[PDB]
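Presented as C-alpha cells, the chain that follows is alone, the form deposited in one PDB entry.
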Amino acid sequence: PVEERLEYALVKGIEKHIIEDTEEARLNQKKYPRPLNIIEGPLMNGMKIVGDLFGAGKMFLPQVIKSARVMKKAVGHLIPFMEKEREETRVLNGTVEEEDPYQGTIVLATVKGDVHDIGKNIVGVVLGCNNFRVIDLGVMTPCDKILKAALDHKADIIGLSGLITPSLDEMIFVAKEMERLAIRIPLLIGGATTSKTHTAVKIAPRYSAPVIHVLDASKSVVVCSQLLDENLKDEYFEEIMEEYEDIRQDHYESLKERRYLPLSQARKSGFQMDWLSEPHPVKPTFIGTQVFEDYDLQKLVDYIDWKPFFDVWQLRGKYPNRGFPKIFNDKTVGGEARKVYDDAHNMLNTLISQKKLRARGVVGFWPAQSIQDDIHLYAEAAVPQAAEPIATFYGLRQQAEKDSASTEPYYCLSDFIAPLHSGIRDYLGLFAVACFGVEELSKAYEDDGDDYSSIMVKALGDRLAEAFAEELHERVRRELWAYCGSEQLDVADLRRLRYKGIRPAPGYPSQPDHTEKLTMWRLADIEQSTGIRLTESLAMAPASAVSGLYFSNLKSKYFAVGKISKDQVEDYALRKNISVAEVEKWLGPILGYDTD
C-alpha cells in the first residue's frame, strides 16, 4: 500500500522514501481524485497521530520536529499541484473556494525590542504538527504589523512572545491596541518573563476578548484547540475568566499584606564589611578595555553547559538522571538526549571547522568607589576623592521585610565596593560577549525546510555565548585581574559557582534596571568594539549575547532585590535625575505598590 507507508514515514520521521511514495500516491488518482485528498487523508492522519503522541507524552520534541520536517518535505512536493488546481479553478470558475484543510490560522510574533525566538519557533513547529496554519512574523515585530498580519491572513489566534521584562509593556500595548480597534481575536501570552499572575492582572483586564497565558507548546495546542472548538469556545472562556478573577483578587489582597521597610531603615540594616581587616582589592593588569576579535571556539566547547540545551529540546530527565551527562542513562529520554547531543556535536564541529561562527567580546576594568547605593567609576590617573566620576552604576536595595528569625542584611550591589571615604581603592569590571553568524545559518536552514537544524543552531549559539562568558570570567579571575591567580577548578565547579566573585547582569534580580546597559555600552564602547547592539528595549542583539559587571570581592554573592516601595523609587529617580514615571516603567515588575 501507500497509505501505511506514508503513515510510517511520518511517525518514524524517515526522510528517504517519502518523495517516491508521495509521487505514487499522486499518480493513484483512483484513490485520490484531487491532490488535496492526499493532504487531508494520510498526510494529516500521520501528523495527527504525531501530535496526539506528543500531547500524551509518548513522543518527544525532537521526534516531533523530525516528523514535521518529513511532512513539510511531502507538502513541498504537493504544493505545485495544489497551486495548479487553484489556478485552473480560478480560470474556469472565476473564483477560488474556501478550500483550506487546516484547523485554523495562528499568528506568531515576538513583540518589539525582543530578539529571542527559539521558543516561538518550537511553538510554531508543534502547532504545525497539529494541522494549524502558523504565521511566524519574526522578532521585533511592531504591534501594527501584528494586527495587519492578523487582519490580512484572517488569523483565528494571535500569540505574543517575549523574553525580557521590557517586553511585557509591549504586550500590554498590543492588548490595548486590539481593544481600541475592537478586535475580538483571542490573545495568547508566552515567554520566559511572562507569568500567569502578570497576564491576569496586567494584560487580561485591558482586552475584552480572551487572553490566556500559555506555558509551552504542549499547552498552547490544547488552548488553541479548545478556543477553536465551538462546543467548548465559551465554557472555556468562562473558566478562564473565573480563575483569572480569583487570582486577580488574590494578588490585590496580597498587595495589602506585604510589609516593606523604609529606605533609611533598610540602608541602616544593609550589608557591611570590615574594610580595615578584609584584604585589599587587587589592581587589574590594565585599566580600560581589551577587545577580542576572533575567539577560539574550540576553547569554548569544553565550557558549554548542556543542561539548558537539553531543556530547550524539553528533554527533562527524571531523578536521579536530571542532567548532563547522567541524562543519557535515563530510560525515558536517554535515547533522544543521546541523538540530540550527537547531532549538536556534529554541527558544532562543522561550524567551528568551517569558521561559520565568530565570537567577539570586550572586557574592561576601572577604579570604582561606592557612595551609599551607587558605584562611581573613575579614571586611572585621577584621585577618587577629588575627581568627577566617569560613570555611575545605581544599585537597588532590598526593602521587603525578612523573617524575624533571619539575620540577613538588606543587600545592594554598592555594598560589595569599598566606600569612597574609607581611603581604600577598589575596582569594577564589565564584559560583553556574543556569538555571530547564528542568524544567517538559521535562516539558511529554515529556507531549506530544516527546522531541526535551525533550532539546534540557535541553541548552540546560546550555549557558545554562555561558554564564552564563563571562559572569559575564568580568565579575568586568574589572568586579566589576577585576584584568583592560584585558582584551579573544573567545569563542574564553575557551573556550581564555587569560585570567588560574581558577574551580575543588568536586568537580572540583582539589578532589574535594564537601563544599566546604556552606561556599560557608552563606557566600554561595546557596539564599536564588538558589534553587539542594544535594541530600543535595551535587549542585546544578536540574541546569543551575554554581558554584566565584575565584582571581585570575596563576600560578594548573588541576591534578589525583590519588591521596592515608593520612597526608594523616588530616591532612585532623584539619583538618576529622571522622571519617576520612567523609573516605574523600567522597574515595573519589582514595584511593590499599586500603581493602578
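The term rigid core refers to the most C-alpha atoms you can superpose between the two forms while keeping them within 1.5 Å. Just count from 1 along the sequence shown to find any residue number.
Another form, the form deposited in another entry, is not on view; read the next lines as being about it.
**Q** Might you check 130, 454, 141, 167 and identify the only one whose CA position changes by 2 Å or more between this form and the one not shown on rigid-core superposition?
**A** Just 167.
**Q** Align on the rigid core first; then say whether the Cα of residue 519 has moved by at least 2 Å between this form and the one not shown.
**A** No, residue 519 moves less than 2 Å.
**Q** Taking 2 Å as the cut-off, check whether the CA of residue 215 shifts that much or more between this form and the one not shown after a rigid core fit.
**A** Residue 215 C-alpha, core-superposed: shift of 2 Å or more.
**Q** Relative to the superposed rigid core, does the CA atom of residue 116 travel 2 Å or more between this form and the one not shown?
**A** Shift of 2 Å or more: yes.
**Q** Taking the shown form as the reference, report whether the CA atoms of residue 220 and residue 588 lie closer or farther apart in the other entry; the distance changes by 3 angstroms or more.
**A** So the answer is farther.
**Q** Did residue 164 and residue 578 drift closer or farther in the other entry, going by a CA distance change of 3 angstroms or more?
**A** Farther apart, which means the C-alphas of residue 164 and residue 578 are at least 3 Å more distant in the other entry.
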